Structure formats: structure tokens, C-alpha cells
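These notes are about the structure you will find just below.
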Amino acid sequence: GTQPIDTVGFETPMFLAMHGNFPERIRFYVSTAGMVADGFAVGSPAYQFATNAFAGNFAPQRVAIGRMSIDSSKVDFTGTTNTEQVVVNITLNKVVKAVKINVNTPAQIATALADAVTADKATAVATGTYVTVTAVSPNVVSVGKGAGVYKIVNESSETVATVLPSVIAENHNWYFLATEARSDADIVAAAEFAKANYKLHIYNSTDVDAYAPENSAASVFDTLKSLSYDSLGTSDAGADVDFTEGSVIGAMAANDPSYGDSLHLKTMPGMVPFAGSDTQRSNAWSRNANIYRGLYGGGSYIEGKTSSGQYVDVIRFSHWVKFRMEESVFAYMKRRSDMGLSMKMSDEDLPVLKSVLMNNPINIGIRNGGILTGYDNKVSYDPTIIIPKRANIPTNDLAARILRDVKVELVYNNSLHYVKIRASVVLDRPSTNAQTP
Amino acid sequence: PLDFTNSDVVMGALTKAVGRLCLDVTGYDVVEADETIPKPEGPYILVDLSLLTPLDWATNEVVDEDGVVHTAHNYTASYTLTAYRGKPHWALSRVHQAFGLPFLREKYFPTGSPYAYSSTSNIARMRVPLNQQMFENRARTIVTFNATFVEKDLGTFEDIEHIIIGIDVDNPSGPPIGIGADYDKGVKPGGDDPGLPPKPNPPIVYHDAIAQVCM
Amino acid sequence: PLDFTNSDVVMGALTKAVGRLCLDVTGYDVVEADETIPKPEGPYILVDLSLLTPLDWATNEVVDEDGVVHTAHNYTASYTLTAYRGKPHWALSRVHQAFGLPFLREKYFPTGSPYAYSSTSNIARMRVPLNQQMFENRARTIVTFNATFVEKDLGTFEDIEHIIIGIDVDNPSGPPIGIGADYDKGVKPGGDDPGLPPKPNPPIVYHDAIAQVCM
Amino acid sequence: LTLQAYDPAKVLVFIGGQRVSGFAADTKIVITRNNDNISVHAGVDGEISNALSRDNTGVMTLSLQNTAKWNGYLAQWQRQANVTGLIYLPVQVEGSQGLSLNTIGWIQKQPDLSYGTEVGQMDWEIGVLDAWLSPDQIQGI
Amino acid sequence: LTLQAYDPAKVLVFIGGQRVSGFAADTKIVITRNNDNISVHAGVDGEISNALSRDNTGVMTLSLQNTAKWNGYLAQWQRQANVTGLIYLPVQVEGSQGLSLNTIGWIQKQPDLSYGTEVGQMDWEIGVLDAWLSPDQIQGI
Amino acid sequence: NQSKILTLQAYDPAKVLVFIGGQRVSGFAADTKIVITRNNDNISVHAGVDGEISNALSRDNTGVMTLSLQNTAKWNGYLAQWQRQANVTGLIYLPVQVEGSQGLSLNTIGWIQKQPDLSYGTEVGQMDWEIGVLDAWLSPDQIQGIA
């Protein structure tokens, strides 16, 4: 029973964070200041994602944040090295704090972090490589990144495959999908929900099996490849601490698919250039794990391919056409019914759908260049609309008051990615038919 | 509940409108061709609806509340008048001029009525022998009127409650992508989302400076 | 196996289409001129196919599977309607307006049907003496319809299985060179020669450089 | 297989989304183009070269009885556009058996209104921004 | 609900405040504009751009029997203005069912007067300083 | 073709505003309202015998602006007074501005360079005032999307 989104929703991205800062299941913001007011700690996951999303060239106007019941955080130094003042930002019930640990080994740093016991409500529990922070029933705690080399991890009693059906029921006016959980089960559940609700799933992973040799691997990229979904995946080193899905979305949220524009070379502020070697790049390209290569002193995305090998822009264009046609038909049918002139099921009224559909969804694409037109061979690329006649409508469909088998056809006008040249240098230059072929 | 006046009502009332104006102007007595009676005594006029012409294509369509359709057509009805004694040619002429008098018309041809006057033909005076002894004075003319007739349909078609559309986007990177679109009567595309916040109207406050610049 | 509906079917079905629409609108009873019966009781309408006009040159040709040809011609059939009692002029008018009502037409004149309505003539009201006692009310009109008639040929010509052509090239170096050319139904000019090799599509491979130049 | 007969009642005109009604007798509409398809340049010795026409506007006339309710709509649309500057509306035509058309267009000139003893006529001039006829409705093309 | 029938007798013309009377048979008036609504500039490659018309004058013809008393009034008004320089008078038209009009205007040219064996006709040309028709009197617009 | 409509809103000539000295001009002629021209081309080319090419940048950017007004217009009075004002007092300059409804704008100072030819006949005449503009760089500011 998927209800349709509208134009504003087509740009709104949703991030499924863990927190308890508001009672609702979802809220919309137009800047990080609102989230700060709601008690999100600077450097917290949702804050980072919102900053990245607003920091893009094609940034969206509003960002939606979901809620998943939080249980307890973690400040993990395991496997890290630190020779700098470690700092952690903590917000407690609208009270904002800062924590400082000087300089030494990660275990010593973690133990010394237990000093976060003053002016508190909340509790801190060191464990030799990480500190587990747990709040108390009435207290609310937000823990955010600072200057230290550490990653913040959250845990919850819920699961995505059960939280999402609540968020969508609460509100459905959003298109992109993202999550904080990074387990394979959570990622696959998100992909399966998104593919069923016609939403684009995005995710960043740091697993080295993306680099692993093509001969064999068992990474989430490979699982999605096998299942043949459309989730857009990318491999980044800093994903687990920066949630760069926001940066990815910020480079594609605002440009409409009517231009047929792709994602091949767009700069994404906040991302960190890929570091592996050319063999690793070749390996990754096989799994459809897009990378952010740094070239000629700048950063550039690479080829934006989805899990099943298809390009992202074709999928997005098809979805845009779907939503635009839905909206246009609803608008026209509602205007017709505002007057006492409702559209009847007769041959004197049915054809008008041709112009109604030509106007809003299709003609804009033909104008802007996303739809190919012209002549091929013995075929033409012009979009076509076919509508049935009253004689062909089944009597059961007449009784149910439903119209079926309205068909449309188009051609997509893809963009260019690669170029090859055959230059030649010579010290000099060397049949004369001169007859028209 | 959205009722009207069909053709039968307009057509029958047009005769009586002509009948009253002839009686009220000429002072003669009036009779129709519909049923025959022994010839009255004294001068009198005979009214007949000789001819009726349609105009091909309907000019207006009115949709009932439930969807039934009422169609309106323009017509032109011609009446043949005959005056049988006295000064018949004088009698008919005064009928002609009556349509130029404003107050007299308003009684029988009020603004908004479904029929109107158009024109008149030549008035011919005639002498007819009777019993081979006497010549009787008579006259004849044809008066053309405008009209508009409305009729009601015999049903309606079903409404469009649900629309299903199939879409195929041919592309070179792979096989065509099939995707569908749908519409439902009460399902808004955006649900009831409040949308973006509006730009607020600032409250009304006092200002000391006509034009102030602040860095 | 490629069948159709010849003229006889269309012509006979057009009368019944007019008959049902007159019955279903005016409420009168209907009768044709084809066979005579004692005059019915109550108001009724008489239908007659007075005239039929052809259009000279065929508009379409449909070739059977085996080569037989079916030719289509445009026509125009005129029907004379007469209403005999009651308010005949009112009855005929409602028939005229019926062709403007959408739902009512769809019952008898569905889209794609081989006949259609064109126009209508003036409706004349008449009074006819009977037995020298009474005047009977009547009316008359002519309704013009469009139509299309299809007929099937009585055979076909033979196909061209073999063609022989003689050629003579006059030149100055000697006598003209005689040479022939031939065609046969299944003999391709080149037999089944594969032709030149095609330009292969390179396989899809990974590229490190966006734009690479190699000497 | 029954071939169609030309049905004058199924010739439809949709302007802006609604259907026009209330035509005058005889010709309901007329469609005419403005320019020739190809321009031929002929040389002194007989060389011939052709140029393709890149201006494809047309004109469509629309005969309406002066009592039609659709006169008011066109009069309102005409005056509205003269102020706002938005002049285009979708235009679509159908044929019972004939050549259709589906483009955008605008009201070009105001017809001539005359009053007399009988219901008259007004002939609107609707410009159409492309004038290519289509074989959609031909039965067999 | 009874729909109107076109009443030729309720077509009114008010010039200067009074009502005109004494028309000749057939067409009482005719209203015609002078210029096209929009001017279209078409480029070599097919780019199209439009311009809005800012000259909206029209012309209205007025058929009067040569014995009408209203011929004298127009003749007097015409000569008066040629001397004083005041040429404008209000002009208003109504339709029984049709498009009205309400602007100012002036007498443009003197008609042609001819004398014969029967009462003739004179066709005055009244310029109107704006020619936008109005749906005021349409029953349902 | 409808995919190449160069103007989605009809070009209304009445949107073109002209302000001289801070008052809006009105009372224009029949066909053309204004014309803006330069006097000197942008750069000078000095080409040598053997093909050496070098270019120079101009430093005279003055232009001329023509303003067509019906000779019955009231604004003829304001300009006529201004001429005598400047001839005696020696203050010639005056701000000038133009609004490019769907084109190029202009905003500079200018002065009356010459007075037109006044003619009287059977039709209402016309006047072409020349408002020399000190600097004549056209501005694209009215156009959106200029990156």
C-alpha cells in the first residue's frame, strides 16, 4: 500500500539515527542549528550527516531525521594511536559540556577518560580500550566527536526491519534512505525495504574486502551483488566516523533527472581520497564499490554504479518520471472534479490524457535533454502514448471503475565517461582514386 | 434536483404568448388550427405553427449534480397568421409594430425568456369569393421567432476512480526498465506534509528613522 | 478467412438503428414502408429509405491473404420520417436532439460503426383532412447519414514468378552487345554469402585513466 | 472487420484540458500551415540544392455560434494573457478518420462579432506552435 | 432554470449617455479589431520569442436608416469636434447573449450617403479606443 | 519547435523603464524607444610587416543614447529647460538609468548632446533627443543564471 511522494519529498533525505532527543519518530530541519537546539551534541552522527548534506553543491533544502531507541553509547580507542589532547563533546539535558584527556597508550587514555564522573545523572564505565556511557531514565545524553582519534558507536534494542515500518507510517514524504547501523543484516534489511518501497538506499562501508582480490570475497557488496538489488554502495575509509552518506547525497539531491546528468566526476566536499593502488581499484570496480579518487589536485567520484551493475542515473530518472506522472494526473483529475465536471469513462474524454501527460512530465525532459528524440535503421525515438477505447475495457474493470493498460515509452540520453586517443609523432609524412563512392 | 424547462414546455408557451399579444393589440378574436370549431362571428385571427427549423450543433452543455448532461439547441419557429374580416391588413400590421413597443413586449417577452422575435414577412391582402355572391377580405403573414430547446440525457458513464500506467524507459546500459504509476481518488501525493516553513511577516513596530542603515 | 461486412449487412442494420432510437426517445410506435399493414392505433412514426447517393472513387483497398481485393466506397443515405398523430412536430424534434446526447448515441452508434449521422432538414407540420370531417396533425423530415460499403472481387490475376529482360548496349567499337537479365522468386543475388567481416564491439573492461594518450 | 464511416460527431477539440462544444454548422475547424516545406535554389546551369524549413507554425480556425458558452472562456483567456504575459495552452485535435494533432498554441487574433436578426458566428484564430498532422487514428496505417 | 434565446431586440448601444435607435435591417452593428494580439519572431535555428501588442484600438460599424433621427445627432457631433478639438464620447454595448463592450470612442469617418427610390442606409465608422470583449452577459460564464 | 522557446514570458515593451535625473520618462514615439551605441571599438590592432600582432585596450568608452518622444509630449519641456540651465550655469551632467526587462541594463551619467529637429505638419511629429552617456558598458544583471 505504498502512498505516493510529491516533489518536495523527492529531495528530502532521511537518516535513521539512534537518540532520544525528541519523542516523535521523525522531524525535519533546515540547518544544523535546529538540531543543536534539540540537544544533538556537536560531532554526533546525525549532526555530521546534516552538515555534510548541507555542505554539498546540490544540497537539499530540508533533512529528515528518524529515531531508533538508544540504549548506551561507546567511546572506543581500541586499535588507535594518540599523541594529542583527546576531547569529547557531551550534551546532558540541554546542558553542554566538554571533556579533556591529555596525551601514553590508548588503554591509559581510556582509563583516564573515566574522569567523566563530575557533574553527573549519567554514568561512565571504562573497560581498558573503550568507555561505555549509559544514561538514567530521565536523563538524555548526546556524545559527539572531538579532536581525538576515536570512533563513537551506539547500540539499541530495536532492529531496522521493525523500526522502518513505523517511520514510513508516521511520514512518507522523503526519497533517500540512510542508516547509522552498519551490520550486514541491517544493511540488507534496509536494501530490501527500500527496493520494495521505491526508495534509493545509500550506504558507506570501510570493509577491506572491497579491496580484497576479485578471485573471491564475502563482503556486503558481494551479498548485494548476488541478490541483485539497486542499493548504491561506496567504500570509504572515514565512513565509520564521518557518515559520508550525507556528502554523497549533497552532490545529487538538487539536480533534477530531466537533464540526464550522471554522477561520474562530481566533487563531494567532506570525502577523503581513495588510497589503495591500481590493482585495488580494479578489484573494487568488480564489486561495484565506487571510490573517490583524488586526481590532478582534486577529488572526483567514479562512475556511480549500483549493486546490480546498472547506473544510478537511469534508476533515478525512472523514479522521477513515475512520481511526476502520478502528481500531474492527480492534479488534473482533482481540478476536473472541483467543478461538477468529473472525468467520465467514455471515448469523448479519454484522449485528453495524452496532452495532460505530455505537458508536465515528458515535455520538460525533452526540453532539457534527458529524453532522446529523432530518427534512427527504421525506428524513431519520439516518446509515445497509447490509450485504450471504451470498447476494449473489460466489464469487470467498468464495474470497478478502473482504467488499465495505459502505456508510455521513452529513450534515455546517457552521458560520456571515458575517452581514448591514438596520438602519433613522426619525422615526416608519406591510392588516388578520386571517384565518388 | 437540478431541473429545467424541456422542449415541450417552451414550445407550448410560445403559442399562448403570440395569442395574447394579438388579442391585446388588434382587439380581434383569436383561434388556433389544433382543433376545428364552427366559424366564430365577427373579425378574428387564426394562428398556426407552420414550420420549425433546427440548428445543427448544440451551443451549451449543462452537467447535472450526478453527471447527467442537458444539451441546448437553437431553433427558429415560424407562425402563419391569417385575419379574416374587417380590415385584416390593418390588424396584422399593428401586430408587427407591437414588437417595437417596449412596455407591451415586457408583459409577454420578458428578458431571459426562452423565445424571442426575429423578423416578419410580407403582408398580402386577398379577396375570396363566398357562395358566389360576395368577396371576403383576408390577409396572411409569417412571423419568425427564435427559441432554445433543452433536453436531458438518459444516463451517465462510470467515473475514473483508479488509473494504472505502465512505463518503459529504453536505455543503452541494460534492458529496458519497467516501472508503474498509479492514481487514487483521495490519496494526495504528499500525504499531509506541512512543507517548508514560510517566510514570516515581521510584526508592526515603531521606527525613529525614515531610512536607517546598519552595518 | 479474412472476412468482412458487405453492403447488405450495413444497409439493413442502419434501418434498425434508426428504429430503436426513435422508439427509445419519443415513446411513439414505429413502422416501415417495406410491407403494408392496417394503420396502428395511437401515435406512431413511419420510416422510409427515400434516397441513396454514391461517392465516385473508392477510398480504400484491402487485399485478402490470397490476393483478392475488397474495395470501400463512401455513401450517404437519406431517411424520410413521418409522425402521424399527437404532437408530431414535437416528436420529430426530440429525435433530432437525441443525436447530440452522448450516452444515448453510444448504445446504437458506437465508435467504429460503419454508419454515422450527418445532418437534418426542416421539420414541416401539416394538417390533412380525413373523411371531410377532421384535420389530422402530421409532420415530415429527412435525416441524412454517412456510410461506408465494402465489396469483394471475383478473382485475382497471376503472380509474377519469373521475369526476363533483354538489354542492348549500343557502342561505337563494334556491333551492339546483347545480354539478358533474369529474376526468380527464391534466388537471392548473392546466394547466402556471409559478406565482409563486421567491425567487432570491444569487450567491457576497467580503465584507470579518464583520458589516456598512448603513442 | 468493419471499416469506419466518417463520424463528424467524434471530431474532438481539447483546449487547456477541457473539451470545446457549441460549433456552428458546416466546417467545425480548419487547419492550415504558414510556410512551404523546402526552399529550392536553382543555378544558372541547372544545379539544384534544397534547404529544410525550420519554422513550422500553423493556424487553426474555430467556428463557434455567438451564443456558445465557450466564447466567454476565450475572451477571458485572451485578456488575462495580455496582462500577465502567459499566453500558451495545450491544444489537441482528434479525427474520427483523419489526421490528428497535438501541440501547444495561443489565441492569435480576436474574431469579428456581428449582431443581426439570427444567431451569428465567430471565427477564432488559434495559433499552433507546430503543425505536423499524425496518422494515429487512421484505420490501418 | 430556463436558458436564454438570442433576443435581437435587447442588443443596446449607448453613445454619450443616450440610447441609439433606428437601425437598418439585418446587422445592427459589427465590431472589429485593428491589430494582431502577439508578434512572433522566429529564428534561423527555430528559437521563438513573442511580443505583446500595446495598440488595442478597434472599429465599430453602425447601420442606420437614412431617415433615422440619430443621423442628425452624429452629423452635429462630428462638425462640432472638428472645430473645438473635443472628440471623445463614451460608448457602451450590450448583448442579449454575447460579448459586451464599454469604452470611449470617436466618430472616425463620414459614411456614404446615397438617394434613390427607397429609404437607404448609412454606415458610420465609430472608432473605439479599446476593443476587449467581456463575458458579463453570458449566462453561466 | 516548442523545445526552443527563447522567452517563456512574452516581451512586454512597457516594462522597459528609463529614469533621467530621478524622474521616470514617458511619452514615447511609435516604433523605437531608445538606441544605445558606442563611438570607439574595444581594442586596436597593430600588425607588423612579418605578421607580428599586438593589441591595445581602449580608454574612451563614451556612447550616445537616442530618445524618441512625440513632439506633443510633456517631457520635451523638461529637456528644453535643462539645456538653457546648463548653458549658463555650466552644470551639464545628470544621472541616467535603464531597465533591461529581458535584456541588458545601463546605469551611468549623461548630458544632452544636441537638440532635435522640430517640425510641424498634418501629423503629430517626433523628436530624437541625444543623451550622451559618459560610460556605456551594458550590464547583464537582469538575466538570471549568469555564472
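As shown in the C-alpha cells, the chain order sets the letters A, B, ...; within each chain, residues go from 1, and ligands are also counted from 1 in the order they appear.
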Can you list, as a ChimeraX atom specification, every protein, DNA or RNA residue that comes within 6 Å of segment 318-334 of chain A when you count only C-alpha atoms, leaving out same-chain residues fewer than 3 positions away? /A:315,337,361 /B:181
Write out as a ChimeraX atom specification the set of residues from segment 36-215 of chain B that DSSP, computed on the backbone, places in strand (DSSP E or B). /B:44-54,60-63,69-83,115-120,124-130,134-152,159,162-170,177-184
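Running DSSP on the backbone and keeping only alpha helix (DSSP H), the residues of segment 330-385 of chain A that qualify are residues 330, 331, 332, 333, 334, 335, 336, 337, 338, 353, 354, 355, 356, 357, 363, 364, 365, 366, 367 and 368 of chain A.
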Residues as selected, N, CA and C atoms, written as a PDB file, in the first residue's frame, can you do that?
ATOM      1  N   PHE A 330      -2.935  13.323 -10.805  1.00  0.00           N
ATOM      2  CA  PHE A 330      -3.757  13.667  -9.650  1.00  0.00           C
ATOM      3  C   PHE A 330      -4.212  15.115  -9.720  1.00  0.00           C
ATOM      4  N   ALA A 331      -3.299  16.027 -10.053  1.00  0.00           N
ATOM      5  CA  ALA A 331      -3.661  17.438 -10.095  1.00  0.00           C
ATOM      6  C   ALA A 331      -4.763  17.689 -11.111  1.00  0.00           C
ATOM      7  N   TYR A 332      -4.610  17.156 -12.325  1.00  0.00           N
ATOM      8  CA  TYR A 332      -5.622  17.396 -13.347  1.00  0.00           C
ATOM      9  C   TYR A 332      -6.956  16.774 -12.955  1.00  0.00           C
ATOM     10  N   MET A 333      -6.928  15.545 -12.432  1.00  0.00           N
ATOM     11  CA  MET A 333      -8.169  14.884 -12.059  1.00  0.00           C
ATOM     12  C   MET A 333      -8.852  15.574 -10.886  1.00  0.00           C
ATOM     13  N   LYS A 334      -8.084  16.223 -10.013  1.00  0.00           N
ATOM     14  CA  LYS A 334      -8.681  16.953  -8.904  1.00  0.00           C
ATOM     15  C   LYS A 334      -9.285  18.267  -9.377  1.00  0.00           C
ATOM     16  N   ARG A 335      -8.598  18.961 -10.286  1.00  0.00           N
ATOM     17  CA  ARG A 335      -9.164  20.192 -10.826  1.00  0.00           C
ATOM     18  C   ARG A 335     -10.447  19.906 -11.589  1.00  0.00           C
ATOM     19  N   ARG A 336     -10.466  18.825 -12.368  1.00  0.00           N
ATOM     20  CA  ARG A 336     -11.676  18.461 -13.094  1.00  0.00           C
ATOM     21  C   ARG A 336     -12.843  18.182 -12.161  1.00  0.00           C
ATOM     22  N   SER A 337     -12.584  17.616 -10.986  1.00  0.00           N
ATOM     23  CA  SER A 337     -13.638  17.259 -10.052  1.00  0.00           C
ATOM     24  C   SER A 337     -14.031  18.395  -9.122  1.00  0.00           C
ATOM     25  N   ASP A 338     -13.175  19.402  -8.944  1.00  0.00           N
ATOM     26  CA  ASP A 338     -13.589  20.576  -8.183  1.00  0.00           C
ATOM     27  C   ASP A 338     -14.837  21.198  -8.788  1.00  0.00           C
ATOM     28  N   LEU A 353      -5.843  12.600 -21.731  1.00  0.00           N
ATOM     29  CA  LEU A 353      -4.662  12.158 -21.005  1.00  0.00           C
ATOM     30  C   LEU A 353      -3.403  12.353 -21.829  1.00  0.00           C
ATOM     31  N   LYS A 354      -3.509  12.283 -23.156  1.00  0.00           N
ATOM     32  CA  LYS A 354      -2.332  12.489 -23.991  1.00  0.00           C
ATOM     33  C   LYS A 354      -1.698  13.844 -23.712  1.00  0.00           C
ATOM     34  N   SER A 355      -2.484  14.914 -23.812  1.00  0.00           N
ATOM     35  CA  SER A 355      -1.938  16.239 -23.552  1.00  0.00           C
ATOM     36  C   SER A 355      -1.583  16.414 -22.084  1.00  0.00           C
ATOM     37  N   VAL A 356      -2.395  15.864 -21.180  1.00  0.00           N
ATOM     38  CA  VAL A 356      -2.118  16.029 -19.756  1.00  0.00           C
ATOM     39  C   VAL A 356      -0.748  15.457 -19.414  1.00  0.00           C
ATOM     40  N   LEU A 357      -0.436  14.275 -19.949  1.00  0.00           N
ATOM     41  CA  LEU A 357       0.854  13.652 -19.677  1.00  0.00           C
ATOM     42  C   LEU A 357       1.972  14.307 -20.474  1.00  0.00           C
ATOM     43  N   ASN A 363       7.406  16.718 -21.569  1.00  0.00           N
ATOM     44  CA  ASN A 363       7.922  17.824 -22.362  1.00  0.00           C
ATOM     45  C   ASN A 363       9.102  18.498 -21.687  1.00  0.00           C
ATOM     46  N   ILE A 364       9.118  18.548 -20.356  1.00  0.00           N
ATOM     47  CA  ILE A 364      10.253  19.133 -19.655  1.00  0.00           C
ATOM     48  C   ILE A 364      11.510  18.322 -19.920  1.00  0.00           C
ATOM     49  N   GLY A 365      11.395  16.997 -19.892  1.00  0.00           N
ATOM     50  CA  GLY A 365      12.545  16.166 -20.200  1.00  0.00           C
ATOM     51  C   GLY A 365      13.033  16.374 -21.617  1.00  0.00           C
ATOM     52  N   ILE A 366      12.107  16.410 -22.577  1.00  0.00           N
ATOM     53  CA  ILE A 366      12.518  16.618 -23.963  1.00  0.00           C
ATOM     54  C   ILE A 366      13.200  17.971 -24.118  1.00  0.00           C
ATOM     55  N   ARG A 367      12.709  18.989 -23.414  1.00  0.00           N
ATOM     56  CA  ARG A 367      13.322  20.308 -23.498  1.00  0.00           C
ATOM     57  C   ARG A 367      14.733  20.290 -22.930  1.00  0.00           C
ATOM     58  N   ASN A 368      14.889  19.779 -21.709  1.00  0.00           N
ATOM     59  CA  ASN A 368      16.169  19.869 -21.018  1.00  0.00           C
ATOM     60  C   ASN A 368      17.206  18.898 -21.560  1.00  0.00           C
TER      61      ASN A 368
END
Find the residues near segment 42-45 of chain F: any atom within 10 Å, counting only C-alpha atoms, skip ones fewer than 3 places away on the same chain, and give them as a list in words.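 Returned residues: residues 38, 39, 48, 53, 54, 55, 56, 57, 58, 59, 60 and 61 of chain F.
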How would the residues just picked look written out with N, CA and C atoms as a PDB file, in the first residue's frame?
ATOM      1  N   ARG F  38      28.133  52.763 -29.037  1.00  0.00           N
ATOM      2  CA  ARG F  38      29.441  53.277 -28.672  1.00  0.00           C
ATOM      3  C   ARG F  38      30.029  54.074 -29.826  1.00  0.00           C
ATOM      4  N   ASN F  39      31.093  54.814 -29.527  1.00  0.00           N
ATOM      5  CA  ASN F  39      31.795  55.575 -30.549  1.00  0.00           C
ATOM      6  C   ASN F  39      33.059  54.876 -31.019  1.00  0.00           C
ATOM      7  N   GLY F  48      52.545  43.910 -37.693  1.00  0.00           N
ATOM      8  CA  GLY F  48      53.829  44.222 -38.282  1.00  0.00           C
ATOM      9  C   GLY F  48      53.994  43.669 -39.683  1.00  0.00           C
ATOM     10  N   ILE F  53      51.748  40.541 -34.233  1.00  0.00           N
ATOM     11  CA  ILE F  53      50.469  41.152 -33.881  1.00  0.00           C
ATOM     12  C   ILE F  53      50.516  41.586 -32.424  1.00  0.00           C
ATOM     13  N   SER F  54      50.094  42.816 -32.159  1.00  0.00           N
ATOM     14  CA  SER F  54      49.958  43.318 -30.801  1.00  0.00           C
ATOM     15  C   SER F  54      48.707  44.178 -30.706  1.00  0.00           C
ATOM     16  N   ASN F  55      48.089  44.179 -29.526  1.00  0.00           N
ATOM     17  CA  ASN F  55      46.772  44.766 -29.326  1.00  0.00           C
ATOM     18  C   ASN F  55      46.815  45.795 -28.207  1.00  0.00           C
ATOM     19  N   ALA F  56      45.907  46.766 -28.264  1.00  0.00           N
ATOM     20  CA  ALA F  56      45.812  47.812 -27.260  1.00  0.00           C
ATOM     21  C   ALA F  56      44.377  47.940 -26.770  1.00  0.00           C
ATOM     22  N   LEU F  57      44.226  48.343 -25.512  1.00  0.00           N
ATOM     23  CA  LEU F  57      42.921  48.468 -24.875  1.00  0.00           C
ATOM     24  C   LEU F  57      42.466  49.915 -24.940  1.00  0.00           C
ATOM     25  N   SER F  58      41.225  50.129 -25.361  1.00  0.00           N
ATOM     26  CA  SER F  58      40.714  51.482 -25.489  1.00  0.00           C
ATOM     27  C   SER F  58      40.432  52.079 -24.120  1.00  0.00           C
ATOM     28  N   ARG F  59      40.474  53.404 -24.065  1.00  0.00           N
ATOM     29  CA  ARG F  59      40.163  54.139 -22.851  1.00  0.00           C
ATOM     30  C   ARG F  59      39.117  55.221 -23.056  1.00  0.00           C
ATOM     31  N   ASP F  60      38.490  55.289 -24.229  1.00  0.00           N
ATOM     32  CA  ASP F  60      37.337  56.151 -24.483  1.00  0.00           C
ATOM     33  C   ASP F  60      36.125  55.249 -24.658  1.00  0.00           C
ATOM     34  N   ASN F  61      35.248  55.255 -23.664  1.00  0.00           N
ATOM     35  CA  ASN F  61      34.077  54.396 -23.664  1.00  0.00           C
ATOM     36  C   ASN F  61      32.775  55.171 -23.790  1.00  0.00           C
TER      37      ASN F  61
END
Contacts of residue 141 of chain D within 12 Å, only C-alpha atoms, excl. fewer than 6 positions in-chain, as a PyMOL selection string: (chain C and resi 60+62) or (chain D and resi 97-99+134-135)
Take the residues just selected and output them with N, CA and C atoms as an mmCIF file, in the first residue's frame.
data_model
loop_
_atom_site.group_PDB
_atom_site.id
_atom_site.type_symbol
_atom_site.label_atom_id
_atom_site.label_comp_id
_atom_site.auth_asym_id
_atom_site.auth_seq_id
_atom_site.Cartn_x
_atom_site.Cartn_y
_atom_site.Cartn_z
ATOM 1 N N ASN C 60 -10.427 3.123 -50.105
ATOM 2 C CA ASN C 60 -9.501 2.169 -49.521
ATOM 3 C C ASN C 60 -9.601 0.849 -50.260
ATOM 4 N N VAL C 62 -8.424 -3.237 -49.544
ATOM 5 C CA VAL C 62 -7.908 -4.231 -48.616
ATOM 6 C C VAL C 62 -7.675 -5.514 -49.391
ATOM 7 N N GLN D 97 -11.969 9.643 -38.642
ATOM 8 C CA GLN D 97 -10.968 9.053 -39.517
ATOM 9 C C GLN D 97 -10.294 10.195 -40.250
ATOM 10 N N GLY D 98 -9.062 10.477 -39.881
ATOM 11 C CA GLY D 98 -8.344 11.612 -40.424
ATOM 12 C C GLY D 98 -7.062 11.820 -39.648
ATOM 13 N N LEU D 99 -6.486 13.001 -39.816
ATOM 14 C CA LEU D 99 -5.186 13.310 -39.249
ATOM 15 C C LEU D 99 -5.367 14.140 -37.986
ATOM 16 N N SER D 134 -0.880 13.807 -37.848
ATOM 17 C CA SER D 134 -0.470 12.483 -37.409
ATOM 18 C C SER D 134 -1.454 11.410 -37.856
ATOM 19 N N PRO D 135 -0.964 10.224 -38.203
ATOM 20 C CA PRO D 135 -1.844 9.150 -38.676
ATOM 21 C C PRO D 135 -2.390 8.258 -37.572
#
